[PDB]
Amino acid sequence: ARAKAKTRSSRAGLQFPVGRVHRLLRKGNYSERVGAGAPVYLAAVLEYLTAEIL
DNA sequence: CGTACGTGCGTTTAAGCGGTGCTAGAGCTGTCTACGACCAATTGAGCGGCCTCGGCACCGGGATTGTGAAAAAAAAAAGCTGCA
Ligand SMILES: [Ca+2]
Ligand SMILES: [Ca+2]
Ligand SMILES: [Ca+2]
Ligand SMILES: [Cl-]
């Protein structure tokens with residue numbers, strides 16, 4: 001148990017910050033609990049809507 | 001000034017009622033654990049700060065585009081007949 005480094009954005013194959021998105025969900029008063037996929041799905045959508053506009 | 005719509009007739013239709021019978025599926029229970037909160041410790045991604053240098057704002061000057069008058073051609077249109 002000392003095996004560190006990887007980011008969730010990298011796991012999901014994304015550019016947008018999954019971790020940040022997660023925190024933002026958690027800190028936003030949206031729901032008491034937040035699934036582990038919730039931010040991944042969301043971030044990916046924001047990536048796509050961002051990419052489409054650009 | 002033309003005919004698209006409102007009125008009002010007689011005829012036609014199926015909405016609404018009040019009821020009966022069948023059951024999908026809404027919604028409830030109780031059980032049990034995978035998952036998410038929280039936690040602390042650990043660490044590298046993203047922040048501010050800084051420096052650079054190439055895109056783009058600004059320029060002048062000439063090429064090209066777009067409008068309007070004026071003169072002119074084409075145009076419908078306007079006072080005058082004849083002939084019936
Ligand atoms: Ca479960
Ligand atoms: Ca910066
Ligand atoms: Ca540059
Ligand atoms: Cl989830």
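About the cut-offs
By convention in this text, residue numbers begin from 1 on each chain and track the written sequence, not necessarily the entry numbering, and residues missing coordinates are not displayed. Chain letters and ligand numbers both follow the written order, the letters beginning at A and the numbers at 1. Here the displayed chains are drawn from a larger assembly, and the quantities reported describe the displayed chains exclusively. Side-chain measures here rest on the full set of heavy atoms in the structure, leaving out hydrogens and waters. Strands here are runs of E lasting at least two residues and helices are runs of H or I lasting at least four, both read from the DSSP assignment and numbered beginning at the N terminus. Here's how the labels work: a residue is buried when its accessible area is under 20% of the maximum for its type, exposed when over 50%, partly exposed in between, all with a 1.4 Å probe on protein chains only. Charged residues are defined here as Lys and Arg on the positive side and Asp and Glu on the negative side; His and the ends of the chain fall outside this count. Take a side-chain nitrogen of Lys or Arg and a carboxyl oxygen of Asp or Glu: if they are within 4 Å of each other, that pair is a salt bridge. We call two N or O atoms a polar contact when they sit within 3.5 Å, provided that within protein one can donate a hydrogen and the other can accept it, with sequence-adjacent residues counted only if both atoms are side-chain atoms. Contacts were defined at the residue level, with two residues in contact if any of their heavy atoms lie within 4.5 Å. Comment: axis = line fitted to C-alpha atoms, over the contacting stretch for helices; angle = value between 0 and 180 degrees taken between N-to-C directions. Take the far helix as the reference: if the near one is turned anticlockwise from it by less than a right angle, the crossing is left-handed, and if turned clockwise, right-handed. Three categories are distinguished: nonpolar for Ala, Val, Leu, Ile, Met, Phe, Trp, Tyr, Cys and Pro, charged for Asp, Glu, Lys and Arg, and polar for the others, with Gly belonging to the last.

> For this particular structure, what's the right way to read the environment of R23?
Position of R23 among the secondary structure elements: in helix α2 (residues 18-27). Between the C-alpha atoms of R23 and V34, which are 11 residues apart in sequence, the distance is 9.6 Å.

> Would you take a moment to explain the side chain of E47 for this structure?
With respect to the secondary-structure elements, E47 resides in helix α3 (residues 37-53). Buried within the structure, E47 lacks any salt-bridge partner; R20 is the closest side chain of opposite charge, at an N-O distance of 12 Å. Only 3.0 Å separates the side chain of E47 from the backbone nitrogen of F16, close enough to count as a polar contact. Setting aside anything within four residues of it in sequence, one finds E47 in contact with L14, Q15 and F16.

> Help me understand the packing of α2 against α3 in this model?
Helix packing geometry: the angle between the two helix axes and the distance between the axes. At a closest axis distance of 8 Å, the pairing of α2 and α3 adopts a crossing angle of 115°. Like other packed secondary-structure pairs, α2 and α3 cross with a definite hand, here right-handed. On the side of α2, the interface is formed by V18, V21, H22 and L25, while α3 contributes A38, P39, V40, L42 and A43. Across the contact of α2 with α3, the residue classes tally to eight nonpolar, one polar and no charged.

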